[PDB]
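In listed order, ligands and their atoms are each counted from 1. Along the sequence shown, residues carry numbers from 1. These values consider heavy atoms only, across backbone and side chains, with no hydrogens, waters or symmetry-generated copies.
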Amino acid sequence: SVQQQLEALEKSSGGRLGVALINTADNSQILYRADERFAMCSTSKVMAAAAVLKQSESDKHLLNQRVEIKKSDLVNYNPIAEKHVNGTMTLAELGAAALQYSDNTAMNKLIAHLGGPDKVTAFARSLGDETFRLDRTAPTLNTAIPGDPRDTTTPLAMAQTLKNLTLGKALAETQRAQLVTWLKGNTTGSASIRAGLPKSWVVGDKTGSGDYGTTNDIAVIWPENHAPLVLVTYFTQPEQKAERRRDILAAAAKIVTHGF
Ligand SMILES: *C(=O)[C@@H](NC(=O)/C(=N\OC)c1csc(N)n1)[C@@H]1N=C(C(=O)O)C(=C)CS1
């Protein structure tokens, strides 16, 4: 069975696997440690970007508002922001960079505008997500220390919220479409969930990487002849310097999407 397959995958993986798939055709779900907390790492950027999109609903000039990028803003990974030092990036461009290239500086600019990590949590709560919590900025929000509650959520919680954000009631249509466009254009998830699905399927996703070999990916999947699927695959390991295992995410995705 699917459950036995996931258990077998986890057993040989040397880590802890968290999976939550929602089939929007009948709202049925495939869950594996779906109620356990996992460090979200960069997958948390979706909530920060969505928070700004929500604001843009009542501020028509927000997305085009320029933000100055200084050398001091650069952190551990910022392939897009680095290209704009001494210049500016609009909030929309920061949203794009944060989601499609997982630019950590872009994420920090989004948090800074919103007023801090706690403001992202407040946004998640307003969506009915009582699990999500953002406590730090990038890159420390990716320490993924075992048992640390900071910057964590559960696979089911994130799956429900991602569904609400991309296919549901969370955002106004234009903003919802914008978030979807950003997710579909992600460049960082080839080897993750996407690697375990038919090549013709359209996918939007946000990956995450951190210490303890934490390897995450959250996605919305559009089959060619079926209703969308929302999938969260989180993976973490016992040693701080473990390698990321995107192959495990691809494997989990293949397992739970069999038949769709
Ligand atoms: C998000 O998860 C973030 N990850 C990091 O910045 C870190 N490691 O990534 C290799 C990190 C920060 S502190 C620490 N011990 N480790 C970005 N996300 C991705 C992704 O997988 O989507 C990146 C490719 C780049 S940085």
Find all atoms of ligand 1 within a distance of less than 4.0 Å from any non-hydrogen atom belonging to [X], and give their numbers and elements.
X	value
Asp211	14 (C), 15 (N)
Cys41	2 (O)
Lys206	22 (O)
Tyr77	25 (C), 26 (S)

Going by distance alone, is a donor N or O of one side chain under 3.5 Å from an acceptor N or O of the other, for [X] and [Y]?
X	Y	answer
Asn104	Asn76	yes
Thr207	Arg246	no
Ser102	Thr188	no

Quiz item: Can you tell me which residue and heavy atom of the protein come closest to atom 3 (C) of ligand 1, and the distance to 0.1 Å?
Solution: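 So the nearest neighbour among protein heavy atoms is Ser42 OG, 2.4 Å.
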
Quiz item: Are any of the side-chain heavy atoms of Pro155 and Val19 separated by less than 4.5 Å?
Solution: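 Side chain of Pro155 against side chain of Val19, heavy atoms only: no contact under 4.5 Å found.
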
Quiz item: Looking at atom 17 (C) of ligand 1, would you say a protein heavy atom lies below 4.0 Å from it?
Solution: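 There is a protein heavy atom less than 4.0 Å from atom 17 (C) of ligand 1.
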
Practice problem: With rounding to the nearest 0.5 Å, note down the distance linking CD in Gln4 to CD1 in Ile255. | Solution: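 Spacing of CD (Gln4) from CD1 (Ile255) equals 11.5 Å.
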
Quiz prompt | Value rounded to 0.5 Å, distance of OG1 in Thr236 from CZ in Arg244 | solution =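 It is 11.0 Å, given to the nearest 0.5 Å.
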
Counting both backbone and side chain atoms, is some N or O of [X] under 3.5 Å from an N or O of ligand 1?
X	result
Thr140	no
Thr43	no
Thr143	no
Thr207	yes

Quiz item: Pick one: which of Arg33, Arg16, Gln5 meets side-chain hydrogen bond (donor to acceptor under 3.5 Å, both in side chains) with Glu10?
Solution: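 Answer after filtering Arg33, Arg16, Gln5: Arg33.
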
Quiz item: With respect to atom 7 (C) of ligand 1, which of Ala98, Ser209, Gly189 exhibits the smallest heavy-atom separation?
Solution: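 Looking at heavy atoms only, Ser209 sits closest to atom 7 (C) of ligand 1.
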
Self-check item: Identity of the nearest option to atom 11 (C) of ligand 1, non-hydrogen atoms only, from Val75, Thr215, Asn142
Solution: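 Among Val75, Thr215, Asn142, the closest heavy atom to atom 11 (C) of ligand 1 belongs to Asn142.
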
Self-check item: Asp205 side-chain N/O to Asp217 backbone N/O, donor-acceptor pair under 3.5 Å
Solution: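 No; zero donor-acceptor contacts below 3.5 Å.
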
Quiz item: Where's the contact between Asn104 and ligand 1, heavy-atom distance under 4.0 Å: side chain, backbone, both or neither?
Solution: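 Just the side chain.
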
Exercise. Give a yes/no on ligand 1: does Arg244 have at least one heavy atom closer than 4.0 angstrom to it?
Key: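 Contact check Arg244 vs ligand 1: positive.
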
Quiz item: More than 12 heavy atoms of other residues, nucleotides or ligands under 6.0 Å from NZ of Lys254: is that the case?
Solution: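 No, not enclosed.
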
